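Novice: Sending over data.txt (compact mmCIF, N, CA and C atoms).
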```txt
# COMPACT_ATOMS: atom_id res chain seq x y z
N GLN A 495 121.68 204.23 74.15
CA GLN A 495 122.24 204.88 72.97
C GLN A 495 121.80 204.13 71.73
N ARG A 496 121.32 204.87 70.74
CA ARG A 496 120.89 204.31 69.46
C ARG A 496 122.04 204.40 68.46
N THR A 497 122.38 203.27 67.86
CA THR A 497 123.54 203.18 66.98
C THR A 497 123.18 202.38 65.74
N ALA A 498 123.35 202.99 64.58
CA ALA A 498 123.22 202.28 63.31
C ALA A 498 124.47 201.45 63.05
N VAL A 499 124.28 200.18 62.70
CA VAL A 499 125.37 199.25 62.45
C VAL A 499 125.27 198.78 61.01
N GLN A 500 126.31 199.02 60.22
CA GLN A 500 126.40 198.60 58.83
C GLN A 500 127.34 197.41 58.68
N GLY A 501 127.01 196.53 57.75
CA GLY A 501 127.86 195.40 57.44
C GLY A 501 127.11 194.37 56.62
N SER A 502 127.73 193.20 56.50
CA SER A 502 127.08 192.12 55.78
C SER A 502 126.01 191.48 56.66
N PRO A 503 124.98 190.88 56.06
CA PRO A 503 123.92 190.27 56.88
C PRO A 503 124.40 189.19 57.85
N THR A 504 125.51 188.50 57.58
CA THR A 504 125.95 187.50 58.56
C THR A 504 126.58 188.18 59.76
N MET A 505 127.32 189.27 59.53
CA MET A 505 127.86 190.04 60.63
C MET A 505 126.75 190.65 61.47
N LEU A 506 125.70 191.15 60.81
CA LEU A 506 124.59 191.75 61.55
C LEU A 506 123.81 190.70 62.32
N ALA A 507 123.69 189.50 61.75
CA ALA A 507 123.06 188.39 62.47
C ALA A 507 123.85 188.01 63.71
N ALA A 508 125.18 188.02 63.62
CA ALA A 508 125.99 187.70 64.80
C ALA A 508 125.94 188.82 65.83
N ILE A 509 125.90 190.07 65.36
CA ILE A 509 125.84 191.19 66.28
C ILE A 509 124.50 191.22 67.01
N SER A 510 123.41 190.92 66.31
CA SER A 510 122.07 190.98 66.86
C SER A 510 121.68 189.75 67.67
N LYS A 511 122.36 188.62 67.48
CA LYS A 511 121.92 187.32 67.99
C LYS A 511 120.53 186.98 67.49
N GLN A 512 120.20 187.43 66.29
CA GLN A 512 118.98 187.11 65.58
C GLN A 512 119.35 186.91 64.12
N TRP A 513 118.71 185.95 63.48
CA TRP A 513 118.93 185.77 62.05
C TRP A 513 118.25 186.89 61.28
N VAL A 514 118.91 187.37 60.23
CA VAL A 514 118.36 188.40 59.36
C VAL A 514 118.41 187.89 57.93
N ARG A 515 117.66 188.57 57.08
CA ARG A 515 117.57 188.18 55.68
C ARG A 515 118.94 188.24 55.01
N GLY A 516 119.34 187.13 54.38
CA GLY A 516 120.60 187.05 53.68
C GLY A 516 121.77 186.59 54.53
N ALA A 517 121.55 186.26 55.79
CA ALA A 517 122.61 185.78 56.65
C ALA A 517 122.79 184.28 56.47
N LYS A 518 124.00 183.82 56.75
CA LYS A 518 124.32 182.41 56.68
C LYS A 518 123.40 181.61 57.59
N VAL A 519 123.00 180.44 57.11
CA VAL A 519 122.17 179.53 57.89
C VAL A 519 122.99 178.28 58.20
N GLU A 520 122.40 177.40 58.99
CA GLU A 520 122.98 176.09 59.27
C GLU A 520 121.89 175.04 59.18
N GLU A 521 122.20 173.93 58.52
CA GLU A 521 121.28 172.82 58.36
C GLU A 521 121.81 171.62 59.12
N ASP A 522 120.90 170.79 59.64
CA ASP A 522 121.22 169.83 60.69
C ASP A 522 120.80 168.40 60.40
N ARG A 523 120.03 168.15 59.35
CA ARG A 523 119.32 166.92 58.98
C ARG A 523 118.44 166.40 60.12
N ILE A 524 118.28 167.15 61.21
CA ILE A 524 117.17 166.99 62.14
C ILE A 524 116.23 168.17 61.91
N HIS A 525 114.94 167.88 61.76
CA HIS A 525 113.95 168.93 61.56
C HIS A 525 114.00 169.92 62.73
N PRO A 526 113.98 171.22 62.46
CA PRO A 526 114.06 172.20 63.56
C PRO A 526 112.93 172.11 64.57
N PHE A 527 111.78 171.54 64.20
CA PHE A 527 110.67 171.45 65.14
C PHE A 527 110.87 170.37 66.19
N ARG A 528 111.78 169.43 65.96
CA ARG A 528 112.06 168.39 66.95
C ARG A 528 113.00 168.85 68.05
N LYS A 529 113.57 170.05 67.92
CA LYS A 529 114.52 170.56 68.90
C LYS A 529 113.82 171.32 70.01
N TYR A 530 114.35 171.16 71.22
CA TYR A 530 113.88 171.92 72.37
C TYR A 530 114.43 173.34 72.32
N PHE A 531 113.85 174.21 73.15
CA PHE A 531 114.19 175.63 73.10
C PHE A 531 115.69 175.86 73.25
N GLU A 532 116.34 175.14 74.16
CA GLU A 532 117.76 175.34 74.40
C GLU A 532 118.62 174.82 73.25
N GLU A 533 118.15 173.81 72.52
CA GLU A 533 118.91 173.27 71.40
C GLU A 533 118.78 174.09 70.13
N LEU A 534 117.86 175.04 70.08
CA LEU A 534 117.70 175.87 68.90
C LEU A 534 118.68 177.02 68.91
N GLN A 535 119.17 177.38 67.73
CA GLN A 535 119.97 178.57 67.55
C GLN A 535 119.37 179.41 66.43
N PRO A 536 119.44 180.73 66.52
CA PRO A 536 119.07 181.56 65.36
C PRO A 536 119.90 181.20 64.15
N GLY A 537 119.23 181.01 63.02
CA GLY A 537 119.87 180.58 61.80
C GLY A 537 119.74 179.10 61.49
N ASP A 538 119.20 178.30 62.40
CA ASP A 538 118.91 176.90 62.10
C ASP A 538 117.81 176.81 61.04
N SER A 539 118.08 176.09 59.96
CA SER A 539 117.31 176.25 58.74
C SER A 539 116.91 174.90 58.16
N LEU A 540 115.79 174.91 57.45
CA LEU A 540 115.27 173.73 56.78
C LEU A 540 114.76 174.11 55.40
N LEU A 541 115.27 173.44 54.37
CA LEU A 541 114.72 173.52 53.03
C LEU A 541 113.76 172.35 52.85
N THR A 542 112.51 172.65 52.53
CA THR A 542 111.50 171.61 52.41
C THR A 542 111.53 170.98 51.02
N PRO A 543 110.78 169.91 50.81
CA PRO A 543 110.51 169.45 49.44
C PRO A 543 109.57 170.40 48.71
N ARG A 544 109.36 170.10 47.43
CA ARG A 544 108.63 170.97 46.53
C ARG A 544 107.19 170.52 46.34
N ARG A 545 106.33 171.47 45.97
CA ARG A 545 104.96 171.18 45.60
C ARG A 545 104.61 171.99 44.36
N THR A 546 104.21 171.30 43.30
CA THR A 546 103.82 171.94 42.05
C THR A 546 102.36 172.35 42.12
N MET A 547 102.09 173.63 41.85
CA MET A 547 100.72 174.13 41.83
C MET A 547 99.99 173.67 40.58
N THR A 548 98.70 173.40 40.73
CA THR A 548 97.85 172.93 39.65
C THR A 548 96.58 173.76 39.60
N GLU A 549 95.88 173.68 38.47
CA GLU A 549 94.52 174.21 38.39
C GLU A 549 93.60 173.52 39.39
N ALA A 550 93.85 172.23 39.65
CA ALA A 550 93.07 171.52 40.66
C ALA A 550 93.22 172.14 42.04
N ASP A 551 94.40 172.68 42.35
CA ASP A 551 94.60 173.32 43.65
C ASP A 551 93.79 174.61 43.76
N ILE A 552 93.79 175.43 42.72
CA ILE A 552 92.95 176.62 42.70
C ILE A 552 91.49 176.25 42.92
N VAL A 553 91.00 175.25 42.18
CA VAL A 553 89.60 174.87 42.31
C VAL A 553 89.30 174.36 43.72
N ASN A 554 90.09 173.40 44.21
CA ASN A 554 89.85 172.81 45.52
C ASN A 554 89.91 173.86 46.63
N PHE A 555 90.91 174.74 46.61
CA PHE A 555 91.00 175.74 47.66
C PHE A 555 89.83 176.72 47.61
N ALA A 556 89.53 177.27 46.43
CA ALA A 556 88.39 178.17 46.32
C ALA A 556 87.12 177.52 46.83
N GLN B 495 36.76 183.88 28.10
CA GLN B 495 37.13 183.99 26.69
C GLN B 495 38.63 183.79 26.58
N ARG B 496 39.04 182.97 25.62
CA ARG B 496 40.45 182.72 25.34
C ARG B 496 40.90 183.64 24.21
N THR B 497 42.01 184.33 24.40
CA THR B 497 42.50 185.31 23.45
C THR B 497 43.99 185.12 23.22
N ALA B 498 44.38 185.08 21.96
CA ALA B 498 45.79 185.10 21.61
C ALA B 498 46.27 186.55 21.55
N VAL B 499 47.35 186.85 22.24
CA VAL B 499 47.90 188.19 22.31
C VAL B 499 49.29 188.18 21.69
N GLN B 500 49.44 188.85 20.56
CA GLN B 500 50.70 188.98 19.85
C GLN B 500 51.36 190.31 20.17
N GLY B 501 52.68 190.31 20.23
CA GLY B 501 53.42 191.54 20.40
C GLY B 501 54.84 191.25 20.82
N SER B 502 55.52 192.30 21.24
CA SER B 502 56.87 192.13 21.72
C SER B 502 56.84 191.48 23.10
N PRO B 503 57.91 190.78 23.47
CA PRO B 503 57.97 190.20 24.82
C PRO B 503 57.71 191.19 25.94
N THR B 504 58.27 192.40 25.86
CA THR B 504 58.06 193.40 26.91
C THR B 504 56.58 193.75 27.08
N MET B 505 55.87 193.95 25.96
CA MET B 505 54.44 194.19 26.03
C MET B 505 53.70 193.00 26.63
N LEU B 506 54.10 191.78 26.24
CA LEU B 506 53.44 190.60 26.77
C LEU B 506 53.68 190.45 28.26
N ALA B 507 54.87 190.83 28.73
CA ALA B 507 55.16 190.80 30.15
C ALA B 507 54.30 191.81 30.90
N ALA B 508 54.20 193.03 30.39
CA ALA B 508 53.37 194.03 31.05
C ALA B 508 51.90 193.62 31.06
N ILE B 509 51.43 192.98 29.99
CA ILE B 509 50.04 192.56 29.94
C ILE B 509 49.80 191.39 30.89
N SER B 510 50.72 190.43 30.92
CA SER B 510 50.59 189.24 31.74
C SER B 510 50.79 189.51 33.22
N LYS B 511 51.52 190.57 33.57
CA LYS B 511 51.99 190.80 34.94
C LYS B 511 52.91 189.67 35.39
N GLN B 512 53.46 188.94 34.43
CA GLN B 512 54.50 187.95 34.65
C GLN B 512 55.61 188.23 33.66
N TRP B 513 56.85 188.10 34.12
CA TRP B 513 57.97 188.25 33.22
C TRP B 513 58.01 187.12 32.20
N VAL B 514 58.39 187.44 30.97
CA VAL B 514 58.51 186.45 29.91
C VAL B 514 59.89 186.58 29.28
N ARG B 515 60.31 185.52 28.62
CA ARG B 515 61.65 185.47 28.05
C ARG B 515 61.83 186.55 26.99
N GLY B 516 62.93 187.30 27.10
CA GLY B 516 63.23 188.36 26.18
C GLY B 516 62.71 189.73 26.58
N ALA B 517 62.05 189.84 27.72
CA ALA B 517 61.47 191.10 28.14
C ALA B 517 62.47 191.92 28.95
N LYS B 518 62.23 193.22 29.00
CA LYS B 518 63.06 194.13 29.77
C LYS B 518 63.12 193.70 31.24
N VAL B 519 64.29 193.86 31.84
CA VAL B 519 64.49 193.55 33.24
C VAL B 519 64.89 194.81 33.98
N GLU B 520 64.88 194.72 35.31
CA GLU B 520 65.30 195.80 36.19
C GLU B 520 66.34 195.29 37.16
N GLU B 521 67.53 195.89 37.13
CA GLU B 521 68.62 195.56 38.04
C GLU B 521 68.69 196.64 39.11
N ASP B 522 69.02 196.25 40.34
CA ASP B 522 68.66 197.04 41.52
C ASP B 522 69.83 197.20 42.49
N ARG B 523 70.97 196.58 42.20
CA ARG B 523 72.16 196.57 43.06
C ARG B 523 71.88 196.10 44.49
N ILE B 524 70.67 195.63 44.75
CA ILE B 524 70.35 194.83 45.94
C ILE B 524 69.97 193.45 45.45
N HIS B 525 70.58 192.42 46.04
CA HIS B 525 70.29 191.05 45.63
C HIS B 525 68.80 190.78 45.74
N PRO B 526 68.18 190.15 44.74
CA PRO B 526 66.74 189.88 44.79
C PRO B 526 66.29 189.00 45.95
N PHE B 527 67.14 188.10 46.46
CA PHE B 527 66.78 187.25 47.59
C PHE B 527 66.68 188.01 48.90
N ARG B 528 67.01 189.29 48.93
CA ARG B 528 66.90 190.07 50.16
C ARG B 528 65.61 190.86 50.23
N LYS B 529 64.81 190.84 49.18
CA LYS B 529 63.55 191.57 49.15
C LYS B 529 62.43 190.70 49.69
N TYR B 530 61.58 191.31 50.51
CA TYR B 530 60.36 190.65 50.93
C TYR B 530 59.40 190.52 49.76
N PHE B 531 58.35 189.73 49.96
CA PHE B 531 57.42 189.43 48.87
C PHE B 531 56.88 190.69 48.22
N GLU B 532 56.33 191.61 49.02
CA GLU B 532 55.68 192.80 48.46
C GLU B 532 56.64 193.70 47.69
N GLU B 533 57.93 193.73 48.04
CA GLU B 533 58.87 194.56 47.31
C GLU B 533 59.28 193.97 45.96
N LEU B 534 59.12 192.66 45.77
CA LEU B 534 59.51 192.02 44.53
C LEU B 534 58.54 192.38 43.41
N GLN B 535 59.09 192.55 42.21
CA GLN B 535 58.33 192.73 40.99
C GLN B 535 58.84 191.76 39.94
N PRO B 536 57.94 191.20 39.13
CA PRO B 536 58.40 190.41 37.97
C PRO B 536 59.30 191.24 37.08
N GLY B 537 60.43 190.66 36.69
CA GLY B 537 61.42 191.40 35.96
C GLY B 537 62.58 191.91 36.79
N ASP B 538 62.53 191.78 38.11
CA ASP B 538 63.69 192.05 38.95
C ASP B 538 64.75 190.99 38.69
N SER B 539 65.96 191.43 38.34
CA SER B 539 66.92 190.55 37.72
C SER B 539 68.32 190.79 38.27
N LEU B 540 69.10 189.72 38.32
CA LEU B 540 70.47 189.76 38.81
C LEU B 540 71.35 189.01 37.84
N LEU B 541 72.44 189.64 37.41
CA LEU B 541 73.50 188.96 36.68
C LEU B 541 74.59 188.57 37.67
N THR B 542 74.83 187.28 37.81
CA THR B 542 75.82 186.79 38.75
C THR B 542 77.23 186.95 38.18
N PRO B 543 78.26 186.69 38.99
CA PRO B 543 79.61 186.56 38.43
C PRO B 543 79.81 185.22 37.74
N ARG B 544 81.00 185.05 37.20
CA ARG B 544 81.33 183.93 36.35
C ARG B 544 82.11 182.85 37.09
N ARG B 545 82.00 181.63 36.58
CA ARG B 545 82.78 180.50 37.05
C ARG B 545 83.28 179.72 35.84
N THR B 546 84.59 179.57 35.73
CA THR B 546 85.21 178.82 34.64
C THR B 546 85.20 177.34 34.98
N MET B 547 84.65 176.53 34.08
CA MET B 547 84.64 175.08 34.25
C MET B 547 86.02 174.50 33.97
N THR B 548 86.37 173.46 34.70
CA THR B 548 87.66 172.81 34.58
C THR B 548 87.47 171.31 34.57
N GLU B 549 88.53 170.61 34.15
CA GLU B 549 88.55 169.16 34.28
C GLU B 549 88.41 168.73 35.73
N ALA B 550 88.99 169.52 36.64
CA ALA B 550 88.92 169.20 38.06
C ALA B 550 87.48 169.22 38.56
N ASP B 551 86.64 170.09 37.99
CA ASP B 551 85.24 170.13 38.38
C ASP B 551 84.51 168.87 37.94
N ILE B 552 84.78 168.40 36.72
CA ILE B 552 84.19 167.16 36.25
C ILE B 552 84.57 166.01 37.16
N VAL B 553 85.86 165.92 37.49
CA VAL B 553 86.34 164.84 38.35
C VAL B 553 85.69 164.92 39.73
N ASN B 554 85.71 166.11 40.34
CA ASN B 554 85.19 166.24 41.70
C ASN B 554 83.70 165.97 41.77
N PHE B 555 82.93 166.44 40.79
CA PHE B 555 81.50 166.18 40.82
C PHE B 555 81.20 164.70 40.56
N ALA B 556 81.83 164.10 39.55
CA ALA B 556 81.65 162.67 39.33
C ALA B 556 81.93 161.89 40.60
```
Translate the structure of the given file into structure tokens.
Specialist:
Amino acid sequence: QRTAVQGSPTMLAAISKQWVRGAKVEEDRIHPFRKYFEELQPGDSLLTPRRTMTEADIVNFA
Amino acid sequence: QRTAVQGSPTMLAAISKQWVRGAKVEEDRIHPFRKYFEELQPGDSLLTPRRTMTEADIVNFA
């Protein structure tokens, strides 16, 4: 049976057992790549540091 | 016999059978480096695209 489910993205993430855009995340101060398959959960999240783009980056990449 | 030939560059190119500065050119929408010797004519010309110089280029080349 095909069923459309409406709600907030966190509710839809819990219903789907998959993270969706705009759903609550969880941060762990362990990088997600260091976790084994069983230790990972949908919604485990990492905010990286920043990188400022330069004209030098355009030149070097091209 | 040595002869001085005065005229427009285009006339001098046609007389010389060599292209000279300021003479009419022919653009062909096929890159000139793809033509065999016999297909090439003096005056076959290509305008390339542009490249903007940057401080990064000075640094990288130095």
Novice: Output as a tab-separated table one row per residue of chain A within 9 Å of chain B: the closest atom pair and its distance in Å to one decimal place, counting only C-alpha atoms, sorted by chain and residue number ascending.
Specialist:
```
residue	atom	partner	partner_atom	distance
A:549	CA	B:550	CA	7.5
A:550	CA	B:550	CA	5.4
A:551	CA	B:550	CA	9.0
A:553	CA	B:550	CA	7.1
A:554	CA	B:550	CA	8.3
```
Novice: So which residues of range 496-541 of chain A fall under alpha helix (DSSP H) by DSSP, listed as an NGL selection string?
Specialist: :A and (503-510)
Novice: How many Å lie between CA of residue 538 in chain A and CA of residue 501 in chain A, rounded to one decimal?
Specialist: 21.1 Å
Novice: One decimal, in Å: what's the spacing between atom N of residue 530 in chain A and CA of residue 504 in chain A?
Specialist: 23.7 Å
Novice: Give me the residues near range 521-528 of chain B as a ChimeraX atom specification, where near means some atom within 8 Å (using all atoms listed in the file) and where sequence neighbours in that chain fewer than 5 positions away do not count.
Specialist: /B:534,537-541
Novice: To one decimal place in Å, what is the distance between CA of residue 507 in chain A and atom C of residue 519 in chain A?
Specialist: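 Computed distance, CA of residue 507 in chain A to atom C of residue 519 in chain A, equals 11.0 Å.
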Novice: Within 7 Å of (118.2, 185.4, 65.9) (file coordinates; all atoms listed in the file), which protein or nucleic acid residues are there? I'd like them as a list in words.
Specialist: residues 507, 510, 511, 512, 513, 514, 535, 536 and 537 of chain A
Novice: Report, as AutoDock Vina command-line options, the axis-aligned box around all atoms of range 536-541 of chain A present in the file, extended by 5 Å on each side; give centre and edge lengths in Å to one decimal place.
Specialist:
```
--center_x 116.8 --center_y 177.0 --center_z 59.7 --size_x 16.1 --size_y 19.2 --size_z 23.7
```
